[PDB]
There are 2 protein chains.
Amino acid sequence: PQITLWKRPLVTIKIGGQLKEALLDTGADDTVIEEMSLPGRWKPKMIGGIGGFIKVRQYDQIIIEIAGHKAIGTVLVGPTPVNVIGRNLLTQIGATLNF
Amino acid sequence: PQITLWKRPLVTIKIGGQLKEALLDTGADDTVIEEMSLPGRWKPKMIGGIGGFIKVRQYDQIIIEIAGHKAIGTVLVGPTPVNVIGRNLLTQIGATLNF
Ligand SMILES: CC(C)(C)NC(=O)[C@@H]1C[C@@H]2CCCC[C@@H]2CN1C[C@@H](O)[C@H](Cc1ccccc1)NC(=O)[C@H](CC(N)=O)NC(=O)c1ccc2ccccc2n1
């Protein structure tokens, strides 16, 4: 598909057995998902952007379906107002920016 | 061009007659540039990112060249750690996300 950028590029994702809306975010190094009770071990991390840093839980090898495309990788869980799909997973679904 | 996402999608921009590096960011509503002297009238604004809200200077109708493509639009100047080109300008240069 082609997604224009007039509106936020939000898509449906499946993670941990749940459907969520998430932002396809070329400016994010990492994938950051709103607080949710994922099972398994995790590592503390701090991630930054405009306004400073937040504390998140780093989960490895998490399966996520993004707009119908399967991916597996690192997902950071913490208090974000928007679920962010970053480049670690955008590459797995073969996403490009075109102009 | 077609830009893949294994690396940050950094391009050269020209703003205020000056060359800078900036990130093409589909997740950003707005464009935020690091502190600089910029010709024009501005007004104070706040904007929020992953780590909270910051104060910025809002400059309207600023000419900016992005990877050789022209845009004229709003630029927010403030203590952003990375120059970010958001959807307000990505739409002007015809950028889309594809997968
Ligand atoms: C630019 C602005 C208009 C303020 N918009 C946003 O910031 C929106 C805010 C939304 C709601 C909060 C949750 C994030 C989303 C997406 N973001 C866009 C979004 O694309 C944002 C843009 C950005 C890039 C780099 C540095 C600063 C800001 N990316 C990020 O916040 C990601 C998050 C992460 N993966 O760790 N940050 C980075 O990838 C990143 C890269 C290099 C850096 C160097 C030093 C310090 C921090 C750095 N952070």
# chains A, B, ... in the order shown; residues from 1 in each chain; ligands from 1

call {"tool": "residues_near_ligand", "arguments": {"ligand": "ligand 1", "cutoff": "7 Å", "atoms": "only C-alpha atoms and all ligand atoms", "output": "PyMOL selection string"}}
result
(chain A and resi 25-32+47-50+80-82+84+86) or (chain B and resi 25-32+47-50+80-82+84+86)

call {"tool": "calpha_fit_and_write", "arguments": {"fixed": "chain A", "moving": "chain B", "output": "mmCIF file with N, CA, C and O atoms, in the first residue's frame"}}
result
data_model
loop_
_atom_site.group_PDB
_atom_site.id
_atom_site.type_symbol
_atom_site.label_atom_id
_atom_site.label_comp_id
_atom_site.auth_asym_id
_atom_site.auth_seq_id
_atom_site.Cartn_x
_atom_site.Cartn_y
_atom_site.Cartn_z
ATOM 1 N N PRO B 1 0.843 -1.304 0.792
ATOM 2 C CA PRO B 1 0.080 -0.125 0.366
ATOM 3 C C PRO B 1 1.011 1.073 0.269
ATOM 4 O O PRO B 1 2.137 1.002 0.734
ATOM 5 N N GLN B 2 0.475 2.117 -0.362
ATOM 6 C CA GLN B 2 1.078 3.424 -0.449
ATOM 7 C C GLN B 2 0.284 4.311 0.497
ATOM 8 O O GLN B 2 -0.926 4.407 0.323
ATOM 9 N N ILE B 3 0.956 4.927 1.458
ATOM 10 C CA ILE B 3 0.295 5.745 2.463
ATOM 11 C C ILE B 3 0.767 7.188 2.304
ATOM 12 O O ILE B 3 1.937 7.486 2.377
ATOM 13 N N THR B 4 -0.170 8.065 2.049
ATOM 14 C CA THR B 4 0.083 9.493 1.977
ATOM 15 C C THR B 4 0.050 10.109 3.386
ATOM 16 O O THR B 4 -0.294 9.396 4.344
ATOM 17 N N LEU B 5 0.379 11.387 3.523
ATOM 18 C CA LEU B 5 0.703 11.917 4.820
ATOM 19 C C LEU B 5 -0.150 13.125 5.224
ATOM 20 O O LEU B 5 0.189 13.859 6.148
ATOM 21 N N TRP B 6 -1.297 13.283 4.532
ATOM 22 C CA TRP B 6 -2.235 14.339 4.939
ATOM 23 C C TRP B 6 -2.845 14.097 6.303
ATOM 24 O O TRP B 6 -3.207 15.023 7.013
ATOM 25 N N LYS B 7 -2.942 12.841 6.688
ATOM 26 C CA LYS B 7 -3.353 12.414 7.996
ATOM 27 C C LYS B 7 -2.226 11.623 8.668
ATOM 28 O O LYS B 7 -1.290 11.167 7.989
ATOM 29 N N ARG B 8 -2.289 11.465 9.975
ATOM 30 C CA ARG B 8 -1.303 10.608 10.612
ATOM 31 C C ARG B 8 -1.357 9.205 10.035
ATOM 32 O O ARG B 8 -2.450 8.657 9.846
ATOM 33 N N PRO B 9 -0.235 8.580 9.785
ATOM 34 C CA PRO B 9 -0.194 7.209 9.234
ATOM 35 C C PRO B 9 -0.375 6.129 10.290
ATOM 36 O O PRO B 9 0.515 5.430 10.742
ATOM 37 N N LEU B 10 -1.625 6.065 10.721
ATOM 38 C CA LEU B 10 -2.061 5.144 11.760
ATOM 39 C C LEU B 10 -2.558 3.846 11.138
ATOM 40 O O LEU B 10 -3.307 3.865 10.165
ATOM 41 N N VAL B 11 -2.163 2.727 11.662
ATOM 42 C CA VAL B 11 -2.557 1.406 11.230
ATOM 43 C C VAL B 11 -2.946 0.567 12.465
ATOM 44 O O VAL B 11 -2.623 0.909 13.594
ATOM 45 N N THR B 12 -3.605 -0.542 12.207
ATOM 46 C CA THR B 12 -3.891 -1.488 13.271
ATOM 47 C C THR B 12 -2.718 -2.443 13.375
ATOM 48 O O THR B 12 -2.200 -2.960 12.396
ATOM 49 N N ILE B 13 -2.316 -2.686 14.613
ATOM 50 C CA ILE B 13 -1.322 -3.698 14.952
ATOM 51 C C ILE B 13 -1.942 -4.740 15.857
ATOM 52 O O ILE B 13 -2.965 -4.546 16.479
ATOM 53 N N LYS B 14 -1.316 -5.896 15.930
ATOM 54 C CA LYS B 14 -1.633 -6.959 16.853
ATOM 55 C C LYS B 14 -0.359 -7.299 17.643
ATOM 56 O O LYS B 14 0.673 -7.588 17.050
ATOM 57 N N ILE B 15 -0.473 -7.150 18.963
ATOM 58 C CA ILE B 15 0.651 -7.394 19.819
ATOM 59 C C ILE B 15 0.149 -8.078 21.072
ATOM 60 O O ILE B 15 -0.858 -7.665 21.621
ATOM 61 N N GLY B 16 0.804 -9.155 21.518
ATOM 62 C CA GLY B 16 0.311 -9.839 22.714
ATOM 63 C C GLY B 16 -1.074 -10.439 22.448
ATOM 64 O O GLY B 16 -1.792 -10.723 23.412
ATOM 65 N N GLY B 17 -1.459 -10.641 21.182
ATOM 66 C CA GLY B 17 -2.780 -11.139 20.820
ATOM 67 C C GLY B 17 -3.871 -10.090 20.796
ATOM 68 O O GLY B 17 -5.041 -10.403 20.571
ATOM 69 N N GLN B 18 -3.502 -8.837 21.036
ATOM 70 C CA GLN B 18 -4.413 -7.722 21.163
ATOM 71 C C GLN B 18 -4.263 -6.692 20.039
ATOM 72 O O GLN B 18 -3.135 -6.411 19.632
ATOM 73 N N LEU B 19 -5.403 -6.113 19.619
ATOM 74 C CA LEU B 19 -5.396 -5.087 18.601
ATOM 75 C C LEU B 19 -5.234 -3.705 19.197
ATOM 76 O O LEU B 19 -5.858 -3.370 20.197
ATOM 77 N N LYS B 20 -4.360 -2.948 18.551
ATOM 78 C CA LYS B 20 -4.073 -1.594 18.957
ATOM 79 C C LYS B 20 -3.903 -0.761 17.679
ATOM 80 O O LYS B 20 -3.669 -1.292 16.602
ATOM 81 N N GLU B 21 -3.968 0.555 17.789
ATOM 82 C CA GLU B 21 -3.642 1.491 16.729
ATOM 83 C C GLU B 21 -2.239 2.030 16.977
ATOM 84 O O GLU B 21 -1.860 2.372 18.092
ATOM 85 N N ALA B 22 -1.485 2.148 15.909
ATOM 86 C CA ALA B 22 -0.111 2.646 16.038
ATOM 87 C C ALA B 22 0.277 3.462 14.787
ATOM 88 O O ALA B 22 -0.284 3.314 13.709
ATOM 89 N N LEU B 23 1.200 4.351 15.027
ATOM 90 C CA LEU B 23 1.744 5.302 14.073
ATOM 91 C C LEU B 23 2.982 4.770 13.401
ATOM 92 O O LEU B 23 3.925 4.382 14.076
ATOM 93 N N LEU B 24 3.017 4.741 12.058
ATOM 94 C CA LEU B 24 4.212 4.355 11.329
ATOM 95 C C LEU B 24 5.133 5.539 11.223
ATOM 96 O O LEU B 24 4.805 6.547 10.571
ATOM 97 N N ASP B 25 6.280 5.410 11.885
ATOM 98 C CA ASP B 25 7.123 6.550 12.161
ATOM 99 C C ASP B 25 8.573 6.371 11.711
ATOM 100 O O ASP B 25 9.421 5.799 12.396
ATOM 101 N N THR B 26 8.871 6.970 10.530
ATOM 102 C CA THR B 26 10.203 6.941 10.011
ATOM 103 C C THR B 26 11.223 7.707 10.848
ATOM 104 O O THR B 26 12.434 7.479 10.658
ATOM 105 N N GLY B 27 10.756 8.626 11.687
ATOM 106 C CA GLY B 27 11.661 9.397 12.517
ATOM 107 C C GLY B 27 12.074 8.676 13.803
ATOM 108 O O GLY B 27 12.992 9.138 14.470
ATOM 109 N N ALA B 28 11.418 7.571 14.152
ATOM 110 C CA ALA B 28 11.670 6.836 15.381
ATOM 111 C C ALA B 28 12.643 5.714 15.115
ATOM 112 O O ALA B 28 12.428 4.903 14.224
ATOM 113 N N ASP B 29 13.706 5.637 15.906
ATOM 114 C CA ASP B 29 14.657 4.533 15.797
ATOM 115 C C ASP B 29 14.022 3.229 16.296
ATOM 116 O O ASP B 29 14.283 2.160 15.736
ATOM 117 N N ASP B 30 13.224 3.338 17.327
ATOM 118 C CA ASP B 30 12.691 2.264 18.126
ATOM 119 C C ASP B 30 11.168 2.333 18.123
ATOM 120 O O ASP B 30 10.578 3.284 17.682
ATOM 121 N N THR B 31 10.564 1.235 18.568
ATOM 122 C CA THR B 31 9.140 1.069 18.687
ATOM 123 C C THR B 31 8.749 1.176 20.155
ATOM 124 O O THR B 31 9.285 0.479 21.006
ATOM 125 N N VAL B 32 7.802 2.083 20.413
ATOM 126 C CA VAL B 32 7.342 2.360 21.773
ATOM 127 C C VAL B 32 5.823 2.212 21.842
ATOM 128 O O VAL B 32 5.120 2.908 21.074
ATOM 129 N N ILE B 33 5.341 1.317 22.695
ATOM 130 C CA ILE B 33 3.924 0.984 22.880
ATOM 131 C C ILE B 33 3.497 1.437 24.274
ATOM 132 O O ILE B 33 4.258 1.335 25.240
ATOM 133 N N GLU B 34 2.290 1.936 24.415
ATOM 134 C CA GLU B 34 1.693 2.338 25.659
ATOM 135 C C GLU B 34 1.676 1.163 26.610
ATOM 136 O O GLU B 34 1.692 -0.032 26.235
ATOM 137 N N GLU B 35 1.618 1.528 27.907
ATOM 138 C CA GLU B 35 1.621 0.534 28.970
ATOM 139 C C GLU B 35 0.545 -0.525 28.740
ATOM 140 O O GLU B 35 -0.610 -0.230 28.437
ATOM 141 N N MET B 36 0.942 -1.768 28.873
ATOM 142 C CA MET B 36 0.126 -2.951 28.668
ATOM 143 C C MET B 36 0.796 -4.157 29.319
ATOM 144 O O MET B 36 2.005 -4.167 29.513
ATOM 145 N N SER B 37 -0.021 -5.165 29.622
ATOM 146 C CA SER B 37 0.511 -6.465 30.020
ATOM 147 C C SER B 37 1.024 -7.118 28.752
ATOM 148 O O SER B 37 0.251 -7.197 27.789
ATOM 149 N N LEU B 38 2.269 -7.574 28.734
ATOM 150 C CA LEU B 38 2.725 -8.230 27.496
ATOM 151 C C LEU B 38 3.451 -9.503 27.833
ATOM 152 O O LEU B 38 4.340 -9.400 28.689
ATOM 153 N N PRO B 39 3.151 -10.660 27.258
ATOM 154 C CA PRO B 39 3.971 -11.838 27.534
ATOM 155 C C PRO B 39 5.423 -11.678 27.056
ATOM 156 O O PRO B 39 5.612 -11.291 25.867
ATOM 157 N N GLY B 40 6.292 -11.939 28.071
ATOM 158 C CA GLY B 40 7.746 -12.042 27.936
ATOM 159 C C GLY B 40 8.545 -11.476 29.101
ATOM 160 O O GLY B 40 8.024 -10.741 29.916
ATOM 161 N N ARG B 41 9.820 -11.857 29.147
ATOM 162 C CA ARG B 41 10.827 -11.250 29.987
ATOM 163 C C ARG B 41 11.131 -9.857 29.441
ATOM 164 O O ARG B 41 11.082 -9.622 28.238
ATOM 165 N N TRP B 42 11.439 -8.891 30.290
ATOM 166 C CA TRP B 42 11.745 -7.529 29.890
ATOM 167 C C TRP B 42 12.861 -6.993 30.772
ATOM 168 O O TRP B 42 13.069 -7.529 31.839
ATOM 169 N N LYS B 43 13.501 -5.911 30.361
ATOM 170 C CA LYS B 43 14.521 -5.277 31.167
ATOM 171 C C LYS B 43 14.319 -3.755 31.132
ATOM 172 O O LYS B 43 13.834 -3.193 30.152
ATOM 173 N N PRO B 44 14.690 -3.065 32.177
ATOM 174 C CA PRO B 44 14.418 -1.623 32.168
ATOM 175 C C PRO B 44 15.382 -0.903 31.256
ATOM 176 O O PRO B 44 16.554 -1.210 31.160
ATOM 177 N N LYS B 45 14.881 0.100 30.586
ATOM 178 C CA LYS B 45 15.694 0.881 29.645
ATOM 179 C C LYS B 45 15.214 2.313 29.732
ATOM 180 O O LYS B 45 14.137 2.574 30.309
ATOM 181 N N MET B 46 15.966 3.279 29.232
ATOM 182 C CA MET B 46 15.498 4.638 29.030
ATOM 183 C C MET B 46 15.560 4.967 27.543
ATOM 184 O O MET B 46 16.410 4.462 26.823
ATOM 185 N N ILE B 47 14.637 5.836 27.108
ATOM 186 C CA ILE B 47 14.683 6.292 25.722
ATOM 187 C C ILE B 47 14.277 7.755 25.733
ATOM 188 O O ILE B 47 13.548 8.190 26.614
ATOM 189 N N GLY B 48 14.742 8.475 24.723
ATOM 190 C CA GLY B 48 14.501 9.894 24.657
ATOM 191 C C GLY B 48 13.744 10.325 23.458
ATOM 192 O O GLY B 48 13.881 9.806 22.377
ATOM 193 N N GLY B 49 12.942 11.335 23.654
ATOM 194 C CA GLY B 49 12.135 11.923 22.570
ATOM 195 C C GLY B 49 12.185 13.419 22.716
ATOM 196 O O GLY B 49 13.043 13.926 23.431
ATOM 197 N N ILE B 50 11.277 14.069 22.004
ATOM 198 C CA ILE B 50 11.353 15.509 21.877
ATOM 199 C C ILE B 50 11.325 16.159 23.248
ATOM 200 O O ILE B 50 11.950 17.212 23.361
ATOM 201 N N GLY B 51 10.638 15.594 24.238
ATOM 202 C CA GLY B 51 10.440 16.251 25.514
ATOM 203 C C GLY B 51 11.289 15.703 26.624
ATOM 204 O O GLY B 51 11.097 16.049 27.779
ATOM 205 N N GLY B 52 12.241 14.837 26.325
ATOM 206 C CA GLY B 52 13.214 14.276 27.232
ATOM 207 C C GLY B 52 13.127 12.768 27.298
ATOM 208 O O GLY B 52 12.565 12.095 26.424
ATOM 209 N N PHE B 53 13.706 12.244 28.358
ATOM 210 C CA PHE B 53 13.881 10.830 28.527
ATOM 211 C C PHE B 53 12.795 10.237 29.395
ATOM 212 O O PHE B 53 12.442 10.873 30.381
ATOM 213 N N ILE B 54 12.336 9.035 29.062
ATOM 214 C CA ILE B 54 11.452 8.240 29.901
ATOM 215 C C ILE B 54 11.988 6.831 30.126
ATOM 216 O O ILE B 54 12.808 6.292 29.400
ATOM 217 N N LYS B 55 11.490 6.213 31.172
ATOM 218 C CA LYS B 55 11.694 4.824 31.496
ATOM 219 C C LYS B 55 10.721 3.926 30.732
ATOM 220 O O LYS B 55 9.530 4.175 30.665
ATOM 221 N N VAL B 56 11.291 2.872 30.213
ATOM 222 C CA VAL B 56 10.496 1.897 29.469
ATOM 223 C C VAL B 56 10.864 0.475 29.864
ATOM 224 O O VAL B 56 11.947 0.292 30.416
ATOM 225 N N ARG B 57 10.023 -0.485 29.510
ATOM 226 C CA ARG B 57 10.337 -1.900 29.646
ATOM 227 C C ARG B 57 10.736 -2.410 28.260
ATOM 228 O O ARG B 57 9.943 -2.284 27.311
ATOM 229 N N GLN B 58 11.935 -2.942 28.125
ATOM 230 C CA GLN B 58 12.356 -3.460 26.826
ATOM 231 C C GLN B 58 12.080 -4.949 26.705
ATOM 232 O O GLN B 58 12.582 -5.728 27.519
ATOM 233 N N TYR B 59 11.277 -5.303 25.698
ATOM 234 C CA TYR B 59 10.917 -6.673 25.390
ATOM 235 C C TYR B 59 11.569 -7.054 24.038
ATOM 236 O O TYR B 59 11.313 -6.412 23.014
ATOM 237 N N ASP B 60 12.383 -8.071 24.037
ATOM 238 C CA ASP B 60 13.003 -8.527 22.834
ATOM 239 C C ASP B 60 12.185 -9.612 22.166
ATOM 240 O O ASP B 60 11.470 -10.382 22.783
ATOM 241 N N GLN B 61 12.361 -9.678 20.858
ATOM 242 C CA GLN B 61 11.884 -10.764 20.013
ATOM 243 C C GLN B 61 10.374 -11.003 20.166
ATOM 244 O O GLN B 61 9.882 -12.147 20.285
ATOM 245 N N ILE B 62 9.610 -9.891 20.130
ATOM 246 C CA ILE B 62 8.169 -9.911 20.244
ATOM 247 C C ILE B 62 7.528 -9.960 18.858
ATOM 248 O O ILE B 62 7.947 -9.189 17.974
ATOM 249 N N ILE B 63 6.577 -10.861 18.701
ATOM 250 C CA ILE B 63 5.798 -10.962 17.458
ATOM 251 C C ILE B 63 4.807 -9.807 17.402
ATOM 252 O O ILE B 63 4.046 -9.573 18.345
ATOM 253 N N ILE B 64 4.784 -9.077 16.313
ATOM 254 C CA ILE B 64 3.845 -7.975 16.132
ATOM 255 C C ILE B 64 3.404 -7.975 14.696
ATOM 256 O O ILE B 64 4.211 -8.103 13.774
ATOM 257 N N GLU B 65 2.106 -7.860 14.459
ATOM 258 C CA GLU B 65 1.578 -7.802 13.083
ATOM 259 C C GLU B 65 1.207 -6.349 12.808
ATOM 260 O O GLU B 65 0.488 -5.756 13.617
ATOM 261 N N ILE B 66 1.708 -5.788 11.734
ATOM 262 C CA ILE B 66 1.550 -4.379 11.414
ATOM 263 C C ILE B 66 0.806 -4.274 10.092
ATOM 264 O O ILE B 66 1.386 -4.587 9.057
ATOM 265 N N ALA B 67 -0.440 -3.833 10.124
ATOM 266 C CA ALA B 67 -1.222 -3.704 8.894
ATOM 267 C C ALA B 67 -1.181 -4.996 8.111
ATOM 268 O O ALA B 67 -1.078 -4.979 6.898
ATOM 269 N N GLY B 68 -1.202 -6.131 8.803
ATOM 270 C CA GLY B 68 -1.150 -7.422 8.189
ATOM 271 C C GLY B 68 0.204 -7.964 7.800
ATOM 272 O O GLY B 68 0.227 -9.038 7.195
ATOM 273 N N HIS B 69 1.286 -7.294 8.117
ATOM 274 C CA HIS B 69 2.656 -7.749 7.864
ATOM 275 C C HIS B 69 3.347 -8.165 9.135
ATOM 276 O O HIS B 69 3.217 -7.421 10.097
ATOM 277 N N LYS B 70 4.073 -9.265 9.165
ATOM 278 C CA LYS B 70 4.702 -9.776 10.350
ATOM 279 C C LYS B 70 6.063 -9.154 10.625
ATOM 280 O O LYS B 70 6.914 -9.030 9.768
ATOM 281 N N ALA B 71 6.310 -8.839 11.889
ATOM 282 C CA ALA B 71 7.648 -8.475 12.362
ATOM 283 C C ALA B 71 7.847 -9.213 13.656
ATOM 284 O O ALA B 71 6.890 -9.559 14.375
ATOM 285 N N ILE B 72 9.107 -9.486 13.968
ATOM 286 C CA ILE B 72 9.482 -10.033 15.261
ATOM 287 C C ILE B 72 10.669 -9.244 15.754
ATOM 288 O O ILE B 72 11.738 -9.356 15.123
ATOM 289 N N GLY B 73 10.552 -8.431 16.801
ATOM 290 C CA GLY B 73 11.655 -7.604 17.198
ATOM 291 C C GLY B 73 11.424 -6.925 18.532
ATOM 292 O O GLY B 73 10.551 -7.287 19.306
ATOM 293 N N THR B 74 12.232 -5.881 18.789
ATOM 294 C CA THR B 74 12.200 -5.244 20.101
ATOM 295 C C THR B 74 11.088 -4.234 20.201
ATOM 296 O O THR B 74 10.919 -3.402 19.299
ATOM 297 N N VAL B 75 10.364 -4.325 21.311
ATOM 298 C CA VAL B 75 9.275 -3.402 21.633
ATOM 299 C C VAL B 75 9.575 -2.799 22.996
ATOM 300 O O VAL B 75 9.873 -3.551 23.940
ATOM 301 N N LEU B 76 9.504 -1.476 23.108
ATOM 302 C CA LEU B 76 9.644 -0.738 24.337
ATOM 303 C C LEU B 76 8.255 -0.364 24.850
ATOM 304 O O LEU B 76 7.473 0.158 24.084
ATOM 305 N N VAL B 77 7.916 -0.692 26.071
ATOM 306 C CA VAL B 77 6.585 -0.432 26.630
ATOM 307 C C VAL B 77 6.712 0.647 27.691
ATOM 308 O O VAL B 77 7.470 0.477 28.622
ATOM 309 N N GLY B 78 5.980 1.740 27.615
ATOM 310 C CA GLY B 78 6.029 2.757 28.607
ATOM 311 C C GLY B 78 5.044 3.874 28.323
ATOM 312 O O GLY B 78 4.245 3.698 27.435
ATOM 313 N N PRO B 79 5.140 4.893 29.174
ATOM 314 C CA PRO B 79 4.122 5.935 29.151
ATOM 315 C C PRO B 79 4.331 6.857 27.960
ATOM 316 O O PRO B 79 4.559 8.051 28.103
ATOM 317 N N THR B 80 4.259 6.270 26.759
ATOM 318 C CA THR B 80 4.239 7.011 25.514
ATOM 319 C C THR B 80 2.811 7.457 25.239
ATOM 320 O O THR B 80 1.800 6.776 25.461
ATOM 321 N N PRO B 81 2.678 8.689 24.764
ATOM 322 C CA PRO B 81 1.315 9.131 24.469
ATOM 323 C C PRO B 81 0.749 8.467 23.227
ATOM 324 O O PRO B 81 -0.482 8.433 23.116
ATOM 325 N N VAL B 82 1.543 7.935 22.311
ATOM 326 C CA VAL B 82 1.016 7.374 21.054
ATOM 327 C C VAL B 82 1.771 6.090 20.762
ATOM 328 O O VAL B 82 2.996 6.068 20.931
ATOM 329 N N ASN B 83 1.141 5.012 20.306
ATOM 330 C CA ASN B 83 1.937 3.834 19.992
ATOM 331 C C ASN B 83 2.713 4.125 18.725
ATOM 332 O O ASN B 83 2.089 4.463 17.736
ATOM 333 N N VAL B 84 4.016 4.001 18.738
ATOM 334 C CA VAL B 84 4.903 4.342 17.636
ATOM 335 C C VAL B 84 5.641 3.121 17.125
ATOM 336 O O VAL B 84 6.308 2.458 17.894
ATOM 337 N N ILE B 85 5.523 2.819 15.835
ATOM 338 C CA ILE B 85 6.248 1.770 15.153
ATOM 339 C C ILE B 85 7.447 2.456 14.482
ATOM 340 O O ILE B 85 7.279 3.289 13.551
ATOM 341 N N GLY B 86 8.621 2.169 14.959
ATOM 342 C CA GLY B 86 9.838 2.802 14.469
ATOM 343 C C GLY B 86 10.596 1.919 13.494
ATOM 344 O O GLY B 86 10.140 0.837 13.068
ATOM 345 N N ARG B 87 11.772 2.419 13.114
ATOM 346 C CA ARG B 87 12.496 1.809 11.986
ATOM 347 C C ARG B 87 12.910 0.392 12.274
ATOM 348 O O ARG B 87 13.073 -0.370 11.304
ATOM 349 N N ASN B 88 13.103 0.036 13.547
ATOM 350 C CA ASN B 88 13.503 -1.369 13.773
ATOM 351 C C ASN B 88 12.500 -2.372 13.240
ATOM 352 O O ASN B 88 12.879 -3.472 12.861
ATOM 353 N N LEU B 89 11.204 -2.017 13.215
ATOM 354 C CA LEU B 89 10.143 -2.881 12.700
ATOM 355 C C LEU B 89 9.745 -2.456 11.298
ATOM 356 O O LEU B 89 9.385 -3.316 10.515
ATOM 357 N N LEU B 90 9.806 -1.160 10.939
ATOM 358 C CA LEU B 90 9.481 -0.760 9.579
ATOM 359 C C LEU B 90 10.376 -1.445 8.553
ATOM 360 O O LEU B 90 9.953 -1.786 7.467
ATOM 361 N N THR B 91 11.661 -1.602 8.897
ATOM 362 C CA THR B 91 12.568 -2.313 8.008
ATOM 363 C C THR B 91 12.170 -3.764 7.815
ATOM 364 O O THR B 91 12.285 -4.318 6.720
ATOM 365 N N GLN B 92 11.643 -4.402 8.866
ATOM 366 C CA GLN B 92 11.230 -5.789 8.734
ATOM 367 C C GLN B 92 10.048 -5.994 7.799
ATOM 368 O O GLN B 92 9.944 -7.023 7.208
ATOM 369 N N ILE B 93 9.151 -4.997 7.661
ATOM 370 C CA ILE B 93 7.988 -5.123 6.811
ATOM 371 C C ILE B 93 8.264 -4.519 5.432
ATOM 372 O O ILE B 93 7.368 -4.454 4.599
ATOM 373 N N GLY B 94 9.501 -4.080 5.174
ATOM 374 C CA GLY B 94 9.903 -3.613 3.841
ATOM 375 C C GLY B 94 9.464 -2.201 3.528
ATOM 376 O O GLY B 94 9.404 -1.844 2.365
ATOM 377 N N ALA B 95 9.203 -1.384 4.540
ATOM 378 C CA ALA B 95 8.753 -0.029 4.293
ATOM 379 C C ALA B 95 9.869 0.879 3.801
ATOM 380 O O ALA B 95 10.995 0.843 4.305
ATOM 381 N N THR B 96 9.530 1.755 2.842
ATOM 382 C CA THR B 96 10.403 2.768 2.341
ATOM 383 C C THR B 96 9.662 4.100 2.266
ATOM 384 O O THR B 96 8.445 4.118 2.187
ATOM 385 N N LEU B 97 10.389 5.187 2.269
ATOM 386 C CA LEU B 97 9.863 6.509 1.989
ATOM 387 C C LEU B 97 10.165 6.812 0.533
ATOM 388 O O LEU B 97 11.255 6.539 0.049
ATOM 389 N N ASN B 98 9.158 7.393 -0.131
ATOM 390 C CA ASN B 98 9.275 7.677 -1.548
ATOM 391 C C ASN B 98 8.763 9.077 -1.849
ATOM 392 O O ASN B 98 7.734 9.487 -1.282
ATOM 393 N N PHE B 99 9.452 9.758 -2.764
ATOM 394 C CA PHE B 99 8.937 11.055 -3.245
ATOM 395 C C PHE B 99 9.540 11.370 -4.598
ATOM 396 O O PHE B 99 9.336 12.508 -5.066
#

call {"tool": "select_by_dssp", "arguments": {"residues": "range 33-98 of chain B", "states": "strand (DSSP E or B)", "output": "PyMOL selection string"}}
result
chain B and resi 33+43-49+52-66+69-77+84-85+96-98

call {"tool": "select_by_dssp", "arguments": {"residues": "chain A", "states": "helix (DSSP H, G or I)", "output": "VMD selection string"}}
result
chain A and resid 87 to 93

call {"tool": "write_last_selection", "arguments": {"atoms": "C-alpha atoms", "output": "CSV table (one decimal), in the first residue's frame"}}
result
chain,number,residue,atom,x,y,z
A,87,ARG,CA,12.5,1.7,12.0
A,88,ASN,CA,13.5,-1.6,13.7
A,89,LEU,CA,10.1,-3.0,12.5
A,90,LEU,CA,9.4,-0.8,9.5
A,91,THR,CA,12.4,-2.3,7.8
A,92,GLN,CA,11.0,-5.8,8.4
A,93,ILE,CA,7.8,-4.9,6.5
